[PDB]
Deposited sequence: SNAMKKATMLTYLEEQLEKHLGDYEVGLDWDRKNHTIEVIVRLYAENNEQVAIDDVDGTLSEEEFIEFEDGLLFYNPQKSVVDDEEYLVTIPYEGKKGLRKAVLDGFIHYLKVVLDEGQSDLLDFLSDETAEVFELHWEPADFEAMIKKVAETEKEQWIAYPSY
């Protein structure tokens, strides 16, 4: 009934993360002091983060995360990218699980990590940016 929001990358991610990936312990951390938004994710235990930063104010060590992604401060990011993200993400998680199991039984396996290919991800941004015109989700 009474549902009305301000459309930020935050709320948008929220919604899209429950409407496309509600099966997972995918969480969100907003470090507003360091203008960053982490997508804490847990697979069942394995935990990695994905980061959104403003290169003009955020401090970051790319290595602590699977991906780092810059947004344009105030403007935020393109919907056609936040989409390509939440989709390519499922790709990486679903593909992540089928290989996470192959780590518990395949004694031939050595280390388990997640694979985020930028190339395939860029392709995802195209895949989605082919349905709607420019839309920009702002940052809080």
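Gaps in the model, given as deposited-sequence positions counted from residue 1: No C-alpha for residues 45 to 66, 163 to 164.
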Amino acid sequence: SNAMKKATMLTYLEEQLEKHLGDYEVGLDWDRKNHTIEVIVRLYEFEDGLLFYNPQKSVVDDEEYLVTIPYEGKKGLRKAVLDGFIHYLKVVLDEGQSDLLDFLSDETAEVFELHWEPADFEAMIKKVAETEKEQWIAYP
From here on, numbers count along this sequence of modelled residues.
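Of 90 to 98 and 68 to 76, the one with larger mean CA B-factor: Mean C-alpha B-factor is greater for 90 to 98.
Mean temperature factor over C-alpha atoms, higher-scoring stretch between 100 to 108 and 47 to 55: If you average the C-alpha B-factors of 100 to 108 and of 47 to 55, the larger mean comes out for 100 to 108.
Lowest, middle or highest third - CA B-factor, residue 7: Within its chain, residue 7 is a middle-third residue by C-alpha B-factor, going by the deposited values.
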